[PDB]
Amino acid sequence: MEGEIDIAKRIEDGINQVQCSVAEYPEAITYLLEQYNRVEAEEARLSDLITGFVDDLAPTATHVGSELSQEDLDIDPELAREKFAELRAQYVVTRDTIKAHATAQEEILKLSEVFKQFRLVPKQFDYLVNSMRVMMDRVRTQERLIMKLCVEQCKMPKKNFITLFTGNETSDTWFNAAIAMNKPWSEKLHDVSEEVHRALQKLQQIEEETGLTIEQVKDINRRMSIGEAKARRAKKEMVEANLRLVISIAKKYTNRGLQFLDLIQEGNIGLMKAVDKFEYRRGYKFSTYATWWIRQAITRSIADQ
C-alpha cells in the first residue's frame, strides 16, 4: 500500500469543497425540492436523485476533476420523506428571514448544512456544478462586454474602469459618475450608455435569479474552482502513477485483436473510471481496484472489434 491514500484523501477534499459550494447556491436547494416534487408525483426515481443521507463519508460528486468525457460519464421511502421535509421546512423559514445579518447568516449556514446531508447522485451534482458555471459565464459575458465598451470603444483607460465597476457592479450609480467626472472620456460614454445599462440590468437579473449578489456568485464559484482544480490535479496524479499498471495488463492482451496504443487507450479509460469510483475508507488496495476496471475496459473493447 501507498501514498495513493494521500492523493486519494486530496481528491476527496477537493470534491467536498465543490459540494460545499453547491450547498451555498440557492438554486441548488430549490432544484432539489423540485426534483423531489417529481419523485412523489412519479415522474422521477429517487435512486437517480440521491444515494442516502449523512448524519467522514466519501464524496458522491465523483465526476469532479474527471478527465473522461461527459459522454463516457453517462433510501427508505419514509426517511427520505422526512429529510426532504426537513429541507422544505428550513427553506421556507430562510425564505422569510431574507425579507426580515448575523442571525440570518446563521440560518443560511444551516439550510446549507441540511442540504449537505443529501448524498446527491453524481449526475445530479453534475447538473448543479454545470448550472453554476454557466451562470458564472453570464456574469462574465456582461462584465467583459462592459469593460470593452468603456475601456476600448469609449477609451476610458483600464485603471479608472477598475476603480468604478469594481464596487457594486449593478446599479447605474457607478456609470453616471463616469459621465459626471467630465474628463475627456466622459461625454463619450453617452455613446455607450444604453448598452452599458442593459448589461447592468442583465447583471441584476443574474442576482435576482440566483438570489445572491454578483460578488457572492463569484465567491462561491471561485471556491468551487479551487476544489475542482484540487480534485482534477490529484486524479491526474493517480492516473499518471498507474500507467505502469495499464501497460502491464495491456501486455496480456497483446495479439488478441487490438493493437497496443489502443490497448492502453482502453486500459487508461478503465483507470480514469477507477480513479473516480475508488474509496480508500473501504480499505482496499487501489492497484487491485484499478485492475478490474482497466482489464474490463480492455476485454470489453476486444469484444467489440
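This chain uses plain numbering: 1 for the first residue, then up along the sequence.
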Checklist entry - Rounded to the nearest 0.5 Å, how far apart are CD1 of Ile302 and CZ of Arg295? => result 11.0 Å
Checklist entry - Between the main-chain N or O of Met156 and the side-chain N or O of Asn160, is there a donor-acceptor pair closer than 3.5 Å? => result no
Next on the checklist: Closer than 3.5 angstrom, by distance alone: can the side chain of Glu24 be matched with the main-chain N or O of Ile220 as a donor-acceptor pair?
Outcome noted: no
Item to check | CA sep, side-chain torsions, deciding dist, call: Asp55, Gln117, side-chain hydrogen bond (donor to acceptor under 3.5 Å, both in side chains) | outcome: CA-CA 7 Å; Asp55 266 85; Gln117 279 202 83; over 6 Å; no
Next on the checklist: Could you check whether atom NZ of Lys83 has more than 12 heavy atoms from other residues, nucleotides or ligands sitting under 6.0 Å from it?
Outcome noted: yes
Checklist entry - After noting the C-alpha distance and the side-chain angles of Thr30 and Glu27, does the key distance pass the side-chain hydrogen bond (donor to acceptor under 3.5 Å, both in side chains) rule? => result CA-CA 5 Å; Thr30 69; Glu27 284 181 66; over 6 Å; no
Checklist outcome for this item: In short, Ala58 meets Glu279 closest at the heavy-atom pair CB-OE2, 3.5 Å
Checklist outcome for this item: When rounded to the nearest 0.5 Å, the distance separating CG of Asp126 from OG of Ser66 is 9.0 Å
Checklist outcome for this item: Exactly one candidate in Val121, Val39, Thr51 meets side chain to side chain contact (heavy atoms under 4.5 Å, CB included) with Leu46; the answer is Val39
Checklist entry - Is a side-chain donor or acceptor of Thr210 paired with a backbone partner of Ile206 at a separation under 3.5 angstrom? => result yes
Checklist entry - Between atom OG1 of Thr254 and atom CG of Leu263, what is the distance when rounded to the nearest 0.5 Å? => result 7.5 Å
Checklist entry - Apart from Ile108 itself, what residues make up its hydrophobic cluster, given side-chain heavy atom links below 4.5 Å? => result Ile98
Checklist outcome for this item: Heavy-atom nearest pair, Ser301 first then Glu266, reads OG-CG, 3.2 Å
Checklist entry - Is the backbone of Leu258 close enough, under 3.5 Å, to the side chain of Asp262 for a donor and an acceptor to pair up by distance? => result no
Next on the checklist: For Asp72, give me all partners under side-chain contact (heavy atoms from CB on, under 4.5 Å), at least two apart in sequence or on another chain.
Outcome noted: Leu68, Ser69
Item to check | Shortest non-hydrogen contact between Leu109 and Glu113, atoms and distance | outcome: O-CG, 3.0 Å
Checklist entry - Could you state the interatomic distance from CZ (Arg300) to CD1 (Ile269), rounded to the nearest 0.5 Å? => result 8.0 Å
Checklist entry - So do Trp293 and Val275 actually touch side chain to side chain, heavy atoms under 4.5 Å? => result no
Next on the checklist: Testing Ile11, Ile15, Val18 one by one against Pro59 for a side chain to side chain contact (heavy atoms under 4.5 Å, CB included), which residue passes?
Outcome noted: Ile15
Checklist entry - Rounded to the nearest 0.5 Å, how far does CD1 of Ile298 lie from OH of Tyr253? => result 7.0 Å
Checklist entry - Under a 4.5 Å cut-off applied to non-hydrogen side-chain atoms, are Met224 and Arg133 in contact? => result yes
Item to check | Reported CG-to-CZ distance for the pair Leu49 and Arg45, which is rounded to 0.5 angstrom | outcome: 10.5 Å
Checklist entry - Is a side-chain N or O of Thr299 found less than 3.5 angstrom from the main chain of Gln296, in a donor-acceptor match? => result yes
Next on the checklist: Check whether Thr213 reaches the backbone of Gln216 with its side chain - one donor and one acceptor, N or O, closer than 3.5 Å.
Outcome noted: yes
Checklist entry - So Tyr31 and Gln124, side-chain hydrogen bond (donor to acceptor under 3.5 Å, both in side chains) or not? Walk me through it. => result CA-CA 10 Å; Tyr31 165 86; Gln124 301 269 10; 2.4 Å; yes
Checklist entry - Do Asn242 and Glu4 have side-chain atoms, one donor and one acceptor, less than 3.5 Å apart? => result yes
Item to check | Heavy-atom closest contact (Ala178 atom, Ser186 atom, distance) | outcome: O-OG, 2.9 Å
Next on the checklist: With no hydrogens and no angle check, just 3.5 Å: does a side-chain donor-acceptor pair link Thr62 and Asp276?
Outcome noted: no
Checklist outcome for this item: So the salt bridge (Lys or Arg N to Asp or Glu O under 4.0 Å) pairs with at least one residue in residues 160-176 (sequence neighbours excluded) are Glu169-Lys218
Checklist entry - According to the interplanar angle, ranging from 0 to 90°, do the rings of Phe118 and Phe53 count as parallel (below 30°), tilted (30 to 60°) or perpendicular (above 60°)? => result perpendicular
Next on the checklist: If you take the centroid of each ring, where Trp contributes its six-membered ring, are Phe278 and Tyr289 closer together than 6.0 Å?
Outcome noted: yes
Checklist entry - With distance as the sole criterion, is a donor-acceptor pair present between the side chains of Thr103 and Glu106 under 3.5 Å? => result no
Next on the checklist: Under the criterion salt bridge (charged side-chain N to carboxylate O under 4.0 Å, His left out), I'd like the reasoning laid out for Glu215 against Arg222: C-alpha separation, chi angles, the key distance, then a yes or no.
Outcome noted: CA-CA 10 Å; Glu215 223 46 86; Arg222 179 195 180 249; over 6 Å; no
Checklist entry - Distance-only, no hydrogens or angles: does the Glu67 side chain make a donor-acceptor pair with backbone N or O of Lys236 under 3.5 Å? => result no
Item to check | Ring geometry between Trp174 and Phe161 (parallel below 30°, tilted from 30 to 60°, perpendicular above 60°) | outcome: perpendicular
Checklist entry - Is a side-chain N or O of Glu207 found less than 3.5 angstrom from the main chain of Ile214, in a donor-acceptor match? => result yes
Next on the checklist: Between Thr170 and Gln204 (side chain of the first, backbone of the second, donor and acceptor by atom type, cut-off under 3.5 Å), is there such a pair?
Outcome noted: no
Next on the checklist: For the backbone of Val64 and the side chain of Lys235, can you confirm whether one donor and one acceptor N or O come within less than 3.5 Å of each other?
Outcome noted: yes
